[PDB]
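Colleague: I have a structure here, written as structure tokens, and I will follow up with some questions on it.
For neighbour counting, all protein chains shown are included, and Cβ atoms are generated from backbone atoms with ideal geometry for every residue, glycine included. Just so you know, all these numbers are worked out from the coordinates, no wet-lab data involved.
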Amino acid sequence: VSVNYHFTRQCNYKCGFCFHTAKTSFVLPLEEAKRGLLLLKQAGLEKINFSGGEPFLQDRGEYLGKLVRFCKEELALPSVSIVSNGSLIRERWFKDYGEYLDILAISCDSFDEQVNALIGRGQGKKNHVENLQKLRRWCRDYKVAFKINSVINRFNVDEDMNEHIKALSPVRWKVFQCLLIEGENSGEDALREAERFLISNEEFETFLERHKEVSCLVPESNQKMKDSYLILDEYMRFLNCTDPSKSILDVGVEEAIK
Ligand SMILES: C[C@H]1O[C@@H](n2cnc3c(N)ncnc32)[C@H](O)[C@@H]1O
Ligand code: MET
Ligand code: SF4
């Protein structure tokens, strides 16, 4: 019914906890991605979420825009979403592709710009929060629903974001407990080592209680992510958050799900 397509692993940020790291530079040929997306449509997909990696990095966002247009215009998917760090989104992308996009979720873990910088949620300019605010205004002007995703971690577990989130008035505020995935952000050879970012379930629940007045908050605990977050990787193989499947481009959707 719903799928997270991490179609690229390249990114311009350096988030210390990143759980889907730059292990490859492979992106499928556009027509191959279209072929697999059609299979998903034929298997009953109704909601697609483009992720990564940074979705807007590949071909300056043009690759992503073509797949978004394909999903809306050719596959007639009623819900097409992107999750992005926001830093590379050009207004021209909205002009060219925004009519095909339902939802843009921007990842922002703190409203203290210095906290984002220290976490690696940036590329040096230390203006990640201010960019989030501009993207809100573009979503309003181009009629795209705006969501914000935050990873709750050691450095923001005590932050009060109530007034900041209410002022941004997002459709949904998705709040992820920092998640460890072996081979991604855990291991001597991993590109990231996220252990120092982790928080306990009790700490996570405390953050949620602090923000109980935010009615658009939606929590994503570790257990929820393990139970319900499905990944389609850059080869269109299925992965979970707990070897990859065969690619749907080889064995089809059904055999790949097992
Ligand atoms: C796809 C979503 O995953 C979030 N994200 C990135 N790394 C982690 C992690 N270690 N734990 C939980 N969420 C994470 C991104 O910030 C984005 O919002
Ligand atoms: C592993 S996160 C992938 C989506 C995007 N890079 C973000 O952080 O919002
Ligand atoms: S979590 Fe950070 S480093 Fe990882 S892909 Fe998203 S923006 Fe890039």
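Colleague: Does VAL175 meet the test of being aliphatic (A, V, I, L, M) and touching a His at 6+ places or on another chain (Cβ under 8 Å)?
Modeller: yes
Colleague: Pairs needed: first member in the range 144-155, within 17 Å of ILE82 (Cβ to Cβ); second member anywhere, of a type in the set (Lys, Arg) and more than 9 Å from ligand 1 (Cβ to nearest atom); C-beta distance under 7 Å; at least 6 residues apart or different chains.
Modeller: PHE146/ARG136; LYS147/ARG172
Colleague: Further question: Take the range 69-92 and flag every residue that is more than 15 Å from ligand 2 (Cβ to nearest atom) and not charged (D, E, K, R). Break it down stepwise before answering.
Modeller: As a first pass, look at the range 69-92 and keep what is more than 15 Å from ligand 2 (Cβ to nearest atom): 69-80, 90-92.
Answer for the range 69-92, where residues must be more than 15 Å from ligand 2 (Cβ to nearest atom) and not charged (D, E, K, R): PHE70, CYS71, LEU75, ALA76, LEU77, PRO78, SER79, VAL80.
Colleague: Oh, and also: Filter the range 22-56 for residues that are buried (at least 18 other Cβ atoms within 10 Å of the Cβ) and part of a loop (DSSP other than H, G, I, E, B); which is farthest from ligand 2 (Cβ to nearest atom)?
Modeller: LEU45
Colleague: Considering every residue within the range 106-114, establish whether at least one is assigned to a loop (DSSP other than H, G, I, E, B) and within 11 Å of ligand 2 (Cβ to nearest atom).
Modeller: The answer is yes, given that some residue of the range 106-114 is assigned to a loop (DSSP other than H, G, I, E, B) and within 11 Å of ligand 2 (Cβ to nearest atom).
Colleague: With the checklist (1) out of contact with any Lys or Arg (no Cβ under 9 Å at 6 or more places or on another chain); (2) surrounded by fewer than 21 Cβ atoms within 10 Å (Cβ to Cβ); (3) more than 16 Å from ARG172 (Cα to Cα) in hand, flag the one item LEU64 doesn't pass.
Modeller: Every condition holds for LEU64 apart from (2).
Colleague: Further question: State all residues of the range 81-105 that are in a strand (DSSP E or B) and either surrounded by fewer than 21 Cβ atoms within 10 Å (Cβ to Cβ) or polar (S, T, N, Q) (or both); if no residue qualifies, say none.
Modeller: Quick first cut of the range 81-105, residues in a strand (DSSP E or B) only: 81-84, 103-105.
Listed by number, the residues that qualify are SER81, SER84, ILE103.
Colleague: Enumerate the pairs (first residue in the range 232-256 and in a strand (DSSP E or B); second residue anywhere and aromatic (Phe, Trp, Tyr)) with beta-carbon separation below 7 Å, excluding pairs fewer than 6 apart on the same chain, so at least 6 apart or on different chains.
Modeller: Cβ pairs passing all conditions: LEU232/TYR5; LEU232/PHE238.
Colleague: Restricting attention to the range 170-219, which residues are assigned to a loop (DSSP other than H, G, I, E, B) and basic (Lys, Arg)?
Modeller: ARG192, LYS212
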